[PDB]
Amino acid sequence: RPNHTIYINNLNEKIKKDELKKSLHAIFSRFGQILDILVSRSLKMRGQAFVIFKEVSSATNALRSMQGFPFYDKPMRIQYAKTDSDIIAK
C-alpha cells in the first residue's frame, strides 16, 4: 500500500551507516526533495532502510524507477513502508 516512506531491503550489510545513507541520498534525491533517510545496522534492522520523501509522488516514481537496481553488488528490493513516518503524521 502506497506510503510517503519507501522501504528498501536486500542491501549490502557490510556498508557502514554514513556511507550507506550518503549513497541512498545521492541516488534518490534526483526524484525529489527527501525529508529523511533512516538506516540502522542492528541485527534486526540491518540490510534495510527507510527513505522518507517530502512528496508521495517522489516515493512512487523512485520505487518504480529504482526497483531491482544493482546497489553495492546487490539488487535493491523496494516496497512501501507498512506505516506512515513520524514526520508526515505531524
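Note that residue numbering follows the sequence shown and begins at 1.
*Asks:* So 63 to 71 or 20 to 28, which one's hotter by mean CA B-factor in the entry?
*Replies:* The entry gives the higher C-alpha B-factor average to 63 to 71.
*Asks:* Looking at the entry, does 11 to 19 or 76 to 84 show the higher mean C-alpha B-factor?
*Replies:* It is 76 to 84 that shows the higher mean C-alpha B-factor.
*Asks:* Compared with the other modelled residues in the chain, in which third is the CA B-factor of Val56?
*Replies:* Highest third, going by the recorded CA B-factors of the chain.
*Asks:* Taking the chain's C-alpha temperature factors as the reference, tell me which third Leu43 falls into: lowest, middle or highest.
*Replies:* Answer is highest: the recorded C-alpha B-factor places it there.
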